[PDB]
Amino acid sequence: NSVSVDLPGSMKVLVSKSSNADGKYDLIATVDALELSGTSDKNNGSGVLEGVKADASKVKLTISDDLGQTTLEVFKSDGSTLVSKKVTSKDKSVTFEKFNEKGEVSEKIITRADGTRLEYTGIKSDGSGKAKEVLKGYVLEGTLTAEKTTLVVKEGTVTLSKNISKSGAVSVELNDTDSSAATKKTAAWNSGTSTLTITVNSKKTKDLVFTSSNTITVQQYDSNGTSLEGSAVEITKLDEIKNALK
C-alpha cells in the first residue's frame, strides 16, 4: 500500500498512500536494522520519524519538507542530550558530529560531495582541535581554531601551510628558514585563481593550484622565470607535494 521514497543519506522512507482522519500520513523507515516511525502533515515522505537503539538511546530521523536534506540524530536514553548527528545536505555532502555529555561537539567529519573529507577531532569548548584533510591519494594534517584550519607540509627548511578560514576561504603560504638568497623559497598567493607561485633567486619556479575539485596541481616555469612550460600535473601523493617544495 505505502509508497517507497528515496532519501539523501542512502535511506528510504515508506509513506502511507492516504492520510488519516487528522489528515496526517504514516511514515516508517528502517535504518541499520532499527525500525523508526512517525506521522507527517505532508504526503511526500518528509517529516520526523523516531525509534530507539538496542541500548535505549533515542533515534530521530528528520527529512526536510522538499526531501533535499536528512538529519539522523542519536540522543541519550532520556532524549535530552545529543550523542551524534549526521546531516546529509542537498549536494549529498555529509556532516557527522559526535557530542560530549554537555552536548558540545567533540568530533566533526565533513564528507564533501566528491568524497574528500575534513576530519576535526578532539574538539574543545573553544572550537579548537586537530584537523586532517583527506584527499584522493593523500592526507594533510594540522590544527583547527575558531579562526581557521591550518594544514602543514614540511620539506627541508620549507613549511607549506594551507589555511581554510572559518568562512571556507582557502589561502596558502610558504615560509622557508633558508637565508641563502640562492636557494630560499618564497611564494605569493593569488586568491583569484587559488594559485601559489613559488620564487627562488628572483625567478618564478612553479605554480601550485589548489583547485575547486579539491586537488593540487603543479606546473613549472621556463628557465626565464616568466612563462609557464608544459602542462600542470595533478599531485597524487604527499611525496609529490614535498617534491614541489624542494
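In case it trips you up, residue 1 is the first one in the sequence shown, and so on.
In this entry, the higher average B-factor at the C-alpha atoms falls on 175-183, of the pair 175-183 and 26-34. In this entry, 160-168 has the higher mean Cα B-factor, the comparison being between 160-168 and 67-75. Highest CA B-factor among the listed residues (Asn201, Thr215, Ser46, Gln220): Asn201. Note on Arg112, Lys154, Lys102, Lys85: the highest value goes to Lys102, judged by CA B factor as recorded.
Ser194: CA B factor lies in the middle third for its chain, per the PDB record. For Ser93, the recorded CA B-factor ranks within the middle third of the chain. Only modelled residues enter the ranking. Among all modelled residues in its chain, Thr150 ranks in the lowest third by Cα B-factor. Compared with the other modelled residues of the chain, the Cα B-factor recorded for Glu133 ranks in the lowest third. In the PDB entry, a CA B factor belonging to the highest third of its chain's modelled residues is recorded for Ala54.
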